[PDB]
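Next up: just one chain, as structure tokens, the form deposited in one PDB entry.
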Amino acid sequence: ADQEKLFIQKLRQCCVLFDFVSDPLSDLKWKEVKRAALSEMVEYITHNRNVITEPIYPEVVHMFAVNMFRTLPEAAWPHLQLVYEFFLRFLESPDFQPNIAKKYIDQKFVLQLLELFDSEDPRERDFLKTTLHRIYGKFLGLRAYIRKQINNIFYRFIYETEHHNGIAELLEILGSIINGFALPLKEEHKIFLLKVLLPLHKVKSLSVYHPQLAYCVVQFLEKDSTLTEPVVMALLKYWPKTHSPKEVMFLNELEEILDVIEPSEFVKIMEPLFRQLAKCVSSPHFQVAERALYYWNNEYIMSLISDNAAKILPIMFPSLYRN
């Protein structure tokens, strides 16, 4: 269709990976041609209507695969960024039809996409995060495979000691998934929370992805509040027995839990929690104590304490109160 033909031509043109190690002038020329070709199509697919036809889909997916599905160790990032931006605009288009795209965006594609999450470039991981989040939401028949494959990446790292650079981004995607769970939480999701999310707190590199991890845990509790006890107890279990600045994170996570905790569930764990909180106030590390003392500023926590002061106050101030 003339313009469809040119679109496909330019897409395929961006599948030629060149290098002139003996001609810097020709190399920059080719790079710019490719950069311009991508830029044109980015603008073209973004602002034009009804340009994504059925024959376009395999060309876009192939162009992405040829360019992105590479081996890791980039320097030629302005090229990769354009491919990411184009493919995202492709996925996000109002004319995008998953029923057509599901043929080319499959499990092998998703799996290869996930392998890129181990990239050391934060910019790339960010694009992959947005991309996979889009793919997950658009393709129902991949959600199960995606969940399991993310599960596998997590079941590694923790146990298999297979370090991963994209744990944060993946958890951020998961947080988006958890927030939209169906009313009775499937057992598979409960199993995941208790057997994967919680043990993630014991890993040494927790600092890198802790805010994302905490959000997932909190979101899990805003869904089914009955999961409060095994979470808090595990968090108290994975709590640093050595007084360390790492405690502030747990205190951040714990207060964020208390902000969404139900009173009936608060009672179940208020004693071991505040026994730990009391230790934090007594901490040799000022940062830890300062963070723990900030709990009293929370009005909802105060509500829970004031209506349970008979058992909590003797724990926080044993010299001033008794049972």
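Each residue number is its position in the shown sequence, starting from 1.
Keep in mind that the form solved in complex with a partner chain is not shown, yet the notes after this line are about it.
Exercise. When its partner chain is placed as it is in the entry with it bound, which of 224-232, 93-101, 77-85, 145-153 ends up with heavy atoms within 4.5 Å of it?
Worked result: Correct option: 145-153.
For this session: Consider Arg35 of the chain shown here, and say whether it contacts its partner chain in the entry with it bound, taking contact as heavy atoms within 4.5 Å.
Result: No, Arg35 sits far enough from its partner chain in the entry with it bound that none of its heavy atoms falls within 4.5 Å.
Problem set entry | Contact of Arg275 with its partner chain in the entry with it bound (heavy atom, 4.5 Å) | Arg275 belongs to the contact set for its partner chain.
Problem set entry | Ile191, heavy atom within 4.5 angstroms of its partner chain in the entry with it bound | It does: once its partner chain is placed as it appears in the entry with it bound, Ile191 has a heavy atom within 4.5 Å of it.
Problem set entry | Non-hydrogen atom contact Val208 with its partner chain in the entry with it bound at 4.5 angstroms | Contact with its partner chain, no.
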